Amino acid sequence: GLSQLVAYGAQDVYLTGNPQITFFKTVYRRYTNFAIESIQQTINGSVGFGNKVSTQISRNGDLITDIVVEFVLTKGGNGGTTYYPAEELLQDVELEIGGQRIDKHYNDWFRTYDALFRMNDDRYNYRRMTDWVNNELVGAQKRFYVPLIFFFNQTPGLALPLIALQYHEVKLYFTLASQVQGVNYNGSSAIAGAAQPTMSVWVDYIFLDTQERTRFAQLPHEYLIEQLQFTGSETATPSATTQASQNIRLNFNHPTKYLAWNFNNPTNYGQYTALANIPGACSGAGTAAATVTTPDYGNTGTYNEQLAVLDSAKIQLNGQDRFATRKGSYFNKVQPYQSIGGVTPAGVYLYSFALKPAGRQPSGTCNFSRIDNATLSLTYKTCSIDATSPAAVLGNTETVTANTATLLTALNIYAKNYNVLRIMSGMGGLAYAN
Amino acid sequence: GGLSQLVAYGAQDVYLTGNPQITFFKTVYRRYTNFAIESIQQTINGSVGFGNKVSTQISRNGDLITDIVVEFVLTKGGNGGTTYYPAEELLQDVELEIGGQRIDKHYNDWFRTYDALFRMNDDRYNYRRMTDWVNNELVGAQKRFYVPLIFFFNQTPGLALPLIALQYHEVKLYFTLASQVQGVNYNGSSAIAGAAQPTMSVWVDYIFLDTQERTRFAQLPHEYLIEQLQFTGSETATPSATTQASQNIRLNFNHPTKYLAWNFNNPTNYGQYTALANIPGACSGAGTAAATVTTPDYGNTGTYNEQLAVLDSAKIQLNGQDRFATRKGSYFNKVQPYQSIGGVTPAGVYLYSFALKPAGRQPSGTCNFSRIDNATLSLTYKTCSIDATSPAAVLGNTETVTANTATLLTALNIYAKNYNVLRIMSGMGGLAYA
Amino acid sequence: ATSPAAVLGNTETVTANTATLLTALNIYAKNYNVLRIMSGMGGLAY
Amino acid sequence: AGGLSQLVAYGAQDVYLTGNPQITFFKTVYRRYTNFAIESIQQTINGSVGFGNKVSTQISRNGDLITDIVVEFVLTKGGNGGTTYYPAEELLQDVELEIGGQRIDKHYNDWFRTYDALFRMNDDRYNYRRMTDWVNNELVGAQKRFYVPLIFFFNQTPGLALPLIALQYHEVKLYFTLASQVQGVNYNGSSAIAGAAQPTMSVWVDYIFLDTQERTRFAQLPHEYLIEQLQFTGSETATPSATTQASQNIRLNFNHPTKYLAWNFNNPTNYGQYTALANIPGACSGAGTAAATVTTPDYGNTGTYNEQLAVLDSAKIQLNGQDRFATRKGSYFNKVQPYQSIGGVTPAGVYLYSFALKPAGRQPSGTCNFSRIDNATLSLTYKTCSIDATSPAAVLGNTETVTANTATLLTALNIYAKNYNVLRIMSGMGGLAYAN
Amino acid sequence: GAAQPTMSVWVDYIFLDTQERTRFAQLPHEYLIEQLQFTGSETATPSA
Amino acid sequence: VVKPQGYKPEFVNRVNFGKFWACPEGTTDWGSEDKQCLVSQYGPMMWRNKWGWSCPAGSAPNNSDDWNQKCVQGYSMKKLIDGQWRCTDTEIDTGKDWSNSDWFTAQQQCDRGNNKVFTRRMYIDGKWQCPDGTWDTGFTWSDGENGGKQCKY
């Protein structure tokens, strides 16, 4: 207390001065001259369920951004039988530049991503573009639009300069699911007469005027981009008599923005929670016909955490706790509150290393290329609740879930990290491998 | 803990945190010109009533103006479900005149189309609360409605209109009140005996500048990059039971256009952009014995069910050349706004942007129709073969067909939003381009 | 308040007879101040 | 913000309080003092102790300085609770202080009562009563040791400790006279109480033992102490008539710089009675009921604050033929004077007039030198004794100028003067300086 | 049954233009004012 | 070991008020060139004078060590104006005339609250002029956002 302090009797009178800026008169920035065109790509290979197809993006414009994969499907059953089927159909999509994999997304990632990062009417509109949401009936035909979510598919700021890649081609490889719920299969039962999908891939191209087009064509460029890292693993399945726990190695690299994960029943796409005889939680739920072994497919997702299987979790780095152990509901509700601002469905979890993981601008990362032992430690809920008795579910406790929750045996762990896509002398690839 | 993440530092961190440019742990602020905002009522010249044309003149009480809200007091001429955004329907149009020059003009249908495309989530709901009855109000109920105007200066402080610099020019607004408003003074074609006439008032939010800003406005010349709406109505090449009608509509537009927007509608029923059907919400009494497919469930006039939309596909031609590949109506209805706005657009409403982000004020790519001698919108309609009175016929239909009642959507409304320059000098203002 | 016809079919200047139960009024104001930290100690400017 | 918001609120008006600060409040510096110790030592009392007897003691030289003196008495109640009033105070009829054969001072039981009435207060007064009376509703035969502190100048402060050490050749004595009767102990009004016990007495003196340099200084240096003395004479009261207002001019045979005069009117029959008796709960034996009498007080409740029972209407002090101050009402002497100058509650019938700014203190603060006043007198006007003491309506509903018919029993007047003199000690001997 | 009064106090305010508001706010002022002194008392009772 | 620090006074820069420079309003017109304005409540008995440290022109001594904080910001002196030793109309005469005070409080007389750089003109010479002890800044009551009148310290 022998330090110097200031009385500040009129510190603020002293610190004032003239205005710097006025709110009521905007200056708009003059931008470059460009145009946007939607161009169809040629897809090689037969499109159909279970098939692998691909497309090369044609050099029609200078830069590319948005990519939408169109699919045409017909319902194989009535309303309540499908769940985001166009999302399910695109089993995966791989982005290759110069022959090097830059990224790769999975149907489950699209479901996880959406569940975690989209929101409000955007999420609804998304659902409109991937599912039947107006109680459509068997045979109903719709064109679905599945937007891709690669770094260049989200912002013009990361438009991929095909013009700057004169020696390297850019391709998308797409795996179509062998089965799509409510379209060609009802659970495990094939739907006789189901149609094969029609597919079309659209790329929205940016046409640049001469000065900017030339700079892209001739100069080296470094684009800060986001990559998905992913692998599936067995879940330490919980049971009626026990709280299972599991030490999961996190085989990730690069400065990671966040980790995200879900547990699921691989039988039913998007099922991240247990089934129960409560409205929407199972096929026929709330009635005598309810079966807690089959979801109400049209209502597969839920916010009822009582049906989720994670009791608590922590992430360790180099074997040491990165943060204090928190409950599954923390990862499901709070992380998203703080970091995204949307609402995340039960069974979907997030842990961010970033202030704002939902944005493009770096805001703190965890560099797993500098971490020797990254481990996710999970504790599961006890599967003791009789799912066929609503009272058992709705009146339960924090540490328990449905007996049907033991069917959520698959675990998917995803991570998003920042790498650099470098382009020069007509060629390109990633700045870092690992 | 957190330290274990900081220590994991290496080569891949350089592009994120090497030579830091900003810190996220410190907010930087800007000294803004002092100002105040006061709400002042303007008067209305002319008799307020249905079918009447009335107008105001904005006095120079403050220096700059932004938001304008028109208040209406309406009664319900029937029970809940009989009205649809009635204050929006009532304000048939508003014309903006400066110095006698027509600067812009909005239409009730535009307000509906604008909302359908650009408002969202709770902004949209709160908006609905200010223009309709959304709490199941009954006949005789009376409410004050607030219909904000959407002229360029009514959307952002940045374009506050400089009444201050307009020494010799008055700013006037002409408001046309619809001769009929559904569920207020008419029920379909029938008048409602005893219906009350509206009470109306126009409110303007004025900005009061300090001495220094005030001086600059008075002495400096100004120019503003502003928006205008271009609009014409056309007959729809009405489709039928046995055919897919098609139509080439000349786009009689000029100026740098941010985007086009359009819808098809039934002139009888405000906001009806889709076909009627015996499925819940799609017609008066839909889903039951009393259902009719000649009249909408007015309270549920809008829908996200495309099966009831009329348009099959569309393209825009510039001087006879395709501007982009033909895309399905569902592409304009769902994808365009996904990409460009981030909200959800109801069936029957379509958008095509020339801009990266048409929802913003900052120009981001435009189609200058002042340099396109002959632009055309080419539309293909669906076959009107589905029997609207048979829920299954509608819900189980195909991509290329719609309801037989879709032939009631005989009007086509095409809008274009563009950028012009409002110049102010010598106490007078007006547009730079015809 | 117990009759929907009266509740849902009425005008602007009226409310429920049960609205007289709303006897509390809460008024909030959010404002700007400065928090200062110097030489290991801190508190508000004013 | 917070406490700091007060510190920063500084302007011109503050310069007068905190500009160029001289002192603080957050750091006390104490003064270093000498090495000394204090001890309570019993004195030997010569003569026979008993009611009405005169006994005495020479203060032994069991220390260098003396201060506090407490006289212990053991008495037994001759009746039940309510029959006594400060009986150990009544018992010690008088105390005389003599040094080297010269009287320094002399106090009387009535002075102790008067002094207390004016100068002790609050719990000090209560604790005092606890040391001289039975205040817990004790019954007949109850035995208590009473402690009567003396109030001579050296019994008030160490600052005036009597330098017994500096008096190597002159004795210091205390003479004590015990009352012939003590109310509620050996007599009940005029009636002797058969079987009453005689008092047991012990005199304690607190002696200060000084360490060597300080002791030597007192032993060898001459000293002059500015000390107080009590002057006292009894006078007959111009007892008011029940028909009119008596008046009286009393010569005040006082000398020396006087701090204050004090006086009271009383009924010698009943120790401590300075007011009239009346049939109201606080003013007579059995008051408030059928058995009430207004000839005898409820002794345990002898005193009162109700001036309606007092006899002084008004008074002035005249010096050498000239009024010192305008005549003021008796209630002015009873309530205001001590309010202003002492700060306690003076009981009805007891009056004070100060010539001093702070008479309750020891630092001289203005005195009236009666040795320079050829003829000082106290001029009194009495209240009319017309109120029927046996009728509460008359006792309590009366006027400023009247009192009880029983107020005519207050026939004695005690006038005191407390003054300064100087006790000069040298060559082992010491007597108070001024003769008159 | 007499009713209690309803009371309201209205003050007529003067709004000055700019130069005067400034001078009044900053300059010292001095006014002669009027005051009412009042002493109530008994009247010698008038007599018949 | 790291060397301890003393008062370390905080001084701002003088500002352009239009055709003249003067110290900002929460501050005082202290010294010159290197130390033009005091911000903190105490400052470095600037040596430049006439030469002399009092303290100087606008601050007064306090009873302390560490020269950096020996003068207190916001004072002046009796400053004879016309025929009377009055403080400026916007200043507050503390009452510490000189004769009834010690050296430190005797100097701290006028308490220049809210008027550390500019004051108002005085009706002293019958003409409403700049106070005898200050510089005549060109501003007037009609001039807006400049309430100061001919004054500078």
# chains A, B, ... in the order shown; residues from 1 in each chain; ligands from 1

call {"tool": "residues_around", "arguments": {"residues": "residue B:176", "least_positions_apart": "3", "cutoff": "7 Å", "atoms": "only C-alpha atoms", "output": "JSON, numbers by chain"}}
result
{"B": [52, 53, 54, 91, 92, 93, 94]}

call {"tool": "residues_around", "arguments": {"residues": "stretch 345-353 of chain B", "least_positions_apart": "5", "cutoff": "7 Å", "atoms": "only C-alpha atoms", "output": "VMD selection string"}}
result
chain B and resid 113 116 to 117 258 to 264 273 to 274 302 to 306 309 to 310 332 to 334 336 to 337 358

call {"tool": "residues_around", "arguments": {"residues": "residue A:309", "least_positions_apart": "4", "cutoff": "9 Å", "atoms": "only C-alpha atoms", "output": "CSV table (one decimal) with C-alpha atoms, in the first residue's frame"}}
result
chain,number,residue,atom,x,y,z
A,237,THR,CA,-22.4,-49.1,-22.4
A,238,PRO,CA,-24.2,-48.4,-19.0
A,263,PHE,CA,-23.8,-41.2,-28.4
A,272,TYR,CA,-29.0,-39.7,-29.6
A,273,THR,CA,-31.3,-40.5,-26.7
A,274,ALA,CA,-33.2,-43.3,-25.2
A,305,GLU,CA,-32.1,-35.0,-20.9
A,328,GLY,CA,-23.5,-34.2,-19.1
A,347,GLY,CA,-27.5,-36.6,-26.3
A,379,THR,CA,-19.2,-41.4,-16.8
A,380,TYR,CA,-22.5,-42.9,-17.9
A,381,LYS,CA,-25.9,-42.8,-16.2
A,382,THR,CA,-27.4,-45.9,-14.6
A,383,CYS,CA,-29.9,-47.5,-17.1
A,400,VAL,CA,-30.4,-42.3,-14.0
A,401,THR,CA,-31.9,-43.0,-17.4
A,402,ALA,CA,-34.0,-45.4,-19.4
A,405,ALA,CA,-30.6,-46.1,-23.2
A,406,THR,CA,-28.2,-49.1,-23.3
A,408,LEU,CA,-26.9,-46.1,-27.6

call {"tool": "select_by_dssp", "arguments": {"residues": "stretch 258-339 of chain D", "states": "strand (DSSP E or B)", "output": "VMD selection string"}}
result
chain D and resid 258 to 266 285 293 312 to 319 322 to 323 328 to 329

call {"tool": "residues_around", "arguments": {"residues": "stretch 8-18 of chain E", "least_positions_apart": "3", "cutoff": "10 Å", "atoms": "only C-alpha atoms", "output": "number ranges by chain"}}
result
E: 21-24; F: 142, 144

call {"tool": "write_last_selection", "arguments": {"atoms": "C-alpha atoms", "output": "PDB file, in the first residue's frame"}}
result
ATOM      1  CA  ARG E  21     -31.108  30.773 -20.213  1.00  0.00           C
ATOM      2  CA  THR E  22     -27.348  30.943 -20.257  1.00  0.00           C
ATOM      3  CA  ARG E  23     -27.109  34.283 -18.487  1.00  0.00           C
ATOM      4  CA  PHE E  24     -29.660  33.350 -15.855  1.00  0.00           C
TER       5      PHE E  24
ATOM      6  CA  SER F 142     -23.038  34.465 -26.721  1.00  0.00           C
ATOM      7  CA  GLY F 144     -21.710  28.482 -27.219  1.00  0.00           C
TER       8      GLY F 144
END

call {"tool": "residues_around", "arguments": {"residues": "residue B:206", "least_positions_apart": "3", "cutoff": "12 Å", "atoms": "only C-alpha atoms", "output": "tab-separated table (two decimals) with N, CA, C and O atoms, in the first residue's frame"}}
result
chain	number	residue	atom	x	y	z
A	24	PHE	N	-25.32	8.63	-37.37
A	24	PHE	CA	-26.47	8.86	-38.29
A	24	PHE	C	-26.14	8.95	-39.79
A	24	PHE	O	-27.09	9.14	-40.57
B	35	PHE	N	-26.40	12.81	-29.07
B	35	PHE	CA	-27.69	12.98	-29.71
B	35	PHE	C	-28.78	12.51	-28.78
B	35	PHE	O	-28.52	11.86	-27.77
B	36	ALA	N	-30.01	12.79	-29.17
B	36	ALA	CA	-31.17	12.28	-28.45
B	36	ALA	C	-32.26	11.90	-29.42
B	36	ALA	O	-32.33	12.42	-30.52
B	37	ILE	N	-33.13	10.98	-29.01
B	37	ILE	CA	-34.27	10.60	-29.84
B	37	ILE	C	-35.59	10.87	-29.13
B	37	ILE	O	-35.73	10.56	-27.95
B	38	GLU	N	-36.52	11.50	-29.86
B	38	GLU	CA	-37.87	11.85	-29.32
B	38	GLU	C	-38.96	11.41	-30.31
B	38	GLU	O	-38.82	11.70	-31.51
B	39	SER	N	-40.01	10.77	-29.79
B	39	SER	CA	-41.15	10.32	-30.59
B	39	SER	C	-42.20	11.41	-30.69
B	39	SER	O	-42.76	11.85	-29.67
B	40	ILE	N	-42.47	11.86	-31.91
B	40	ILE	CA	-43.39	12.95	-32.15
B	40	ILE	C	-44.49	12.54	-33.13
B	40	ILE	O	-44.23	11.92	-34.16
B	41	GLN	N	-45.73	12.83	-32.77
B	41	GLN	CA	-46.85	12.47	-33.61
B	41	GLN	C	-47.05	13.41	-34.77
B	41	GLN	O	-47.06	14.63	-34.60
B	42	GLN	N	-47.25	12.86	-35.95
B	42	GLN	CA	-47.55	13.67	-37.10
B	42	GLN	C	-49.05	13.56	-37.30
B	42	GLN	O	-49.67	12.60	-36.82
B	58	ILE	N	-43.94	15.36	-42.62
B	58	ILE	CA	-43.13	15.28	-41.45
B	58	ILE	C	-42.52	16.62	-41.13
B	58	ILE	O	-41.77	17.19	-41.92
B	59	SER	N	-42.87	17.14	-39.97
B	59	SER	CA	-42.39	18.45	-39.57
B	59	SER	C	-40.92	18.42	-39.20
B	59	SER	O	-40.38	17.38	-38.83
B	60	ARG	N	-40.28	19.58	-39.19
B	60	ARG	CA	-38.87	19.62	-38.82
B	60	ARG	C	-38.70	19.88	-37.33
B	60	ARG	O	-38.22	20.93	-36.93
B	61	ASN	N	-39.09	18.90	-36.53
B	61	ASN	CA	-38.96	19.02	-35.08
B	61	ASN	C	-37.57	18.66	-34.62
B	61	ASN	O	-37.06	19.22	-33.65
B	62	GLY	N	-36.97	17.71	-35.30
B	62	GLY	CA	-35.63	17.25	-35.01
B	62	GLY	C	-34.80	17.49	-36.24
B	62	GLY	O	-35.23	18.22	-37.14
B	63	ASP	N	-33.63	16.88	-36.31
B	63	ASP	CA	-32.75	17.12	-37.43
B	63	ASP	C	-32.78	15.98	-38.41
B	63	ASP	O	-32.78	16.17	-39.64
B	64	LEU	N	-32.76	14.76	-37.89
B	64	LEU	CA	-32.74	13.62	-38.78
B	64	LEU	C	-33.90	12.71	-38.42
B	64	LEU	O	-34.30	12.68	-37.25
B	65	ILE	N	-34.44	11.94	-39.37
B	65	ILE	CA	-35.46	10.96	-38.96
B	65	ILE	C	-35.15	9.53	-39.37
B	65	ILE	O	-34.57	9.25	-40.42
B	66	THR	N	-35.61	8.60	-38.54
B	66	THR	CA	-35.45	7.21	-38.87
B	66	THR	C	-36.74	6.45	-38.86
B	66	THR	O	-37.50	6.46	-39.82
B	67	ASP	N	-36.99	5.77	-37.77
B	67	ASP	CA	-38.15	4.92	-37.70
B	67	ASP	C	-39.44	5.68	-37.81
B	67	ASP	O	-39.59	6.79	-37.27
B	68	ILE	N	-40.38	5.09	-38.53
B	68	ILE	CA	-41.73	5.59	-38.65
B	68	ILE	C	-42.68	4.45	-38.40
B	68	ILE	O	-42.56	3.39	-39.01
B	69	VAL	N	-43.61	4.66	-37.49
B	69	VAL	CA	-44.58	3.64	-37.17
B	69	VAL	C	-45.97	4.16	-37.36
B	69	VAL	O	-46.33	5.20	-36.82
B	153	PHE	N	-34.77	4.82	-44.79
B	153	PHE	CA	-34.34	5.52	-43.60
B	153	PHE	C	-35.03	4.95	-42.38
B	153	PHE	O	-34.71	5.31	-41.25
B	154	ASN	N	-35.95	4.01	-42.59
B	154	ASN	CA	-36.69	3.44	-41.50
B	154	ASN	C	-36.02	2.16	-41.05
B	154	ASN	O	-36.54	1.45	-40.19
B	157	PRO	N	-30.09	3.79	-38.46
B	157	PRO	CA	-29.59	5.10	-38.09
B	157	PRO	C	-28.69	5.67	-39.17
B	157	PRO	O	-28.74	6.86	-39.49
B	160	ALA	N	-30.39	7.93	-41.62
B	160	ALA	CA	-31.36	8.87	-41.09
B	160	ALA	C	-31.52	9.96	-42.13
B	160	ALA	O	-30.55	10.49	-42.67
B	161	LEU	N	-32.77	10.27	-42.42
B	161	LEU	CA	-33.04	11.21	-43.47
B	161	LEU	C	-32.70	12.60	-42.95
B	161	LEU	O	-33.21	12.98	-41.89
B	162	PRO	N	-31.90	13.41	-43.64
B	162	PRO	CA	-31.45	14.71	-43.23
B	162	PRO	C	-32.47	15.80	-43.41
B	162	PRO	O	-32.28	16.66	-44.25
B	163	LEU	N	-33.52	15.81	-42.59
B	163	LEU	CA	-34.55	16.85	-42.74
B	163	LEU	C	-33.88	18.19	-42.58
B	163	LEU	O	-34.16	19.17	-43.29
B	164	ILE	N	-32.91	18.25	-41.69
B	164	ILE	CA	-32.05	19.37	-41.45
B	164	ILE	C	-31.44	20.01	-42.67
B	164	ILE	O	-31.22	21.23	-42.70
B	203	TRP	N	-46.41	8.05	-36.42
B	203	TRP	CA	-45.37	8.46	-35.50
B	203	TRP	C	-43.98	8.46	-36.09
B	203	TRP	O	-43.53	7.48	-36.67
B	209	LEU	N	-29.50	16.43	-33.02
B	209	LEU	CA	-28.04	16.50	-33.11
B	209	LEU	C	-27.45	17.57	-32.23
B	209	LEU	O	-28.13	18.50	-31.82

call {"tool": "residues_around", "arguments": {"residues": "stretch 239-254 of chain A", "least_positions_apart": "3", "cutoff": "9 Å", "atoms": "only C-alpha atoms", "output": "ChimeraX atom specification"}}
result
/A:229-231,233,235-236,311,365-371,373-385,399-403,405-406,413,415,417-419,432-434 /B:12-13

call {"tool": "write_last_selection", "arguments": {"atoms": "C-alpha atoms", "output": "CSV table (one decimal), in the first residue's frame"}}
result
chain,number,residue,atom,x,y,z
A,229,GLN,CA,-11.4,-34.6,-37.5
A,230,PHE,CA,-13.4,-37.7,-36.7
A,231,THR,CA,-13.5,-41.2,-35.5
A,233,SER,CA,-15.7,-45.8,-31.1
A,235,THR,CA,-19.3,-46.8,-25.9
A,236,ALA,CA,-18.8,-48.2,-22.4
A,311,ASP,CA,-23.8,-38.5,-16.4
A,365,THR,CA,-7.6,-23.1,-29.7
A,366,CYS,CA,-6.2,-26.3,-28.1
A,367,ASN,CA,-3.2,-27.5,-30.1
A,368,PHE,CA,-3.3,-31.2,-30.0
A,369,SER,CA,-0.2,-31.5,-32.1
A,370,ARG,CA,1.6,-30.4,-28.9
A,371,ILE,CA,-0.4,-32.7,-26.5
A,373,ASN,CA,-2.1,-37.5,-23.9
A,374,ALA,CA,-5.5,-36.2,-24.8
A,375,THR,CA,-8.2,-38.3,-23.1
A,376,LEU,CA,-12.0,-37.9,-22.8
A,377,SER,CA,-13.2,-39.4,-19.6
A,378,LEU,CA,-16.9,-40.3,-19.6
A,379,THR,CA,-19.2,-41.4,-16.8
A,380,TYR,CA,-22.5,-42.9,-17.9
A,381,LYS,CA,-25.9,-42.8,-16.2
A,382,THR,CA,-27.4,-45.9,-14.6
A,383,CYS,CA,-29.9,-47.5,-17.1
A,384,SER,CA,-32.6,-48.5,-14.4
A,385,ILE,CA,-35.7,-46.7,-15.6
A,399,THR,CA,-28.1,-40.0,-12.2
A,400,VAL,CA,-30.4,-42.3,-14.0
A,401,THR,CA,-31.9,-43.0,-17.4
A,402,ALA,CA,-34.0,-45.4,-19.4
A,403,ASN,CA,-33.3,-49.1,-19.7
A,405,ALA,CA,-30.6,-46.1,-23.2
A,406,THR,CA,-28.2,-49.1,-23.3
A,413,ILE,CA,-16.3,-37.8,-31.4
A,415,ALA,CA,-13.3,-31.9,-33.6
A,417,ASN,CA,-9.5,-27.3,-36.1
A,418,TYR,CA,-7.8,-24.4,-38.0
A,419,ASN,CA,-5.3,-25.2,-40.8
A,432,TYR,CA,0.2,-28.7,-41.9
A,433,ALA,CA,-0.2,-32.4,-42.0
A,434,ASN,CA,-0.5,-32.8,-38.2
B,12,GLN,CA,0.7,-24.3,-35.8
B,13,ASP,CA,-0.1,-21.5,-33.4

call {"tool": "closest_atom_pairs", "arguments": {"of": "chain C", "to": "chain B", "cutoff": "7 Å", "atoms": "only C-alpha atoms", "output": "tab-separated table"}}
result
residue	atom	partner	partner_atom	distance
C:8	CA	B:137	CA	4.5
C:9	CA	B:141	CA	4.1
C:10	CA	B:141	CA	4.5
C:11	CA	B:142	CA	4.5
C:12	CA	B:143	CA	5.6

call {"tool": "write_last_selection", "arguments": {"atoms": "C-alpha atoms", "output": "mmCIF file, in the first residue's frame"}}
result
data_model
loop_
_atom_site.group_PDB
_atom_site.id
_atom_site.type_symbol
_atom_site.label_atom_id
_atom_site.label_comp_id
_atom_site.auth_asym_id
_atom_site.auth_seq_id
_atom_site.Cartn_x
_atom_site.Cartn_y
_atom_site.Cartn_z
ATOM 1 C CA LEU C 8 -60.998 -12.328 -25.681
ATOM 2 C CA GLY C 9 -63.663 -10.064 -27.297
ATOM 3 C CA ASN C 10 -62.852 -6.746 -25.536
ATOM 4 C CA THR C 11 -61.211 -3.346 -26.207
ATOM 5 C CA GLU C 12 -57.918 -1.485 -25.683
#

call {"tool": "interface_residues", "arguments": {"of": "chain A", "to": "chain D", "cutoff": "12 Å", "atoms": "only C-alpha atoms", "output": "ChimeraX atom specification"}}
result
/A:5-11

call {"tool": "interface_residues", "arguments": {"of": "chain D", "to": "chain F", "cutoff": "10 Å", "atoms": "only C-alpha atoms", "output": "PyMOL selection string"}}
result
chain D and resi 8+10-16+19-22

call {"tool": "select_by_dssp", "arguments": {"residues": "stretch 188-382 of chain A", "states": "helix (DSSP H, G or I)", "output": "PyMOL selection string"}}
result
chain A and resi 210-218+297-299+305-307+328-339+368-370

call {"tool": "residues_around", "arguments": {"residues": "stretch 336-338 of chain A", "least_positions_apart": "5", "cutoff": "12 Å", "atoms": "only C-alpha atoms", "output": "list in words"}}
result
residues 113, 115, 116, 117, 118, 119, 258, 259, 260, 329, 330, 331, 343, 344, 345, 346, 348, 349, 350, 351, 352, 353, 354, 355, 356, 357 and 358 of chain A

call {"tool": "closest_residue", "arguments": {"among": "F:80, F:15, F:2, F:72", "to": "residue F:117", "atoms": "only C-alpha atoms"}}
result
F:15
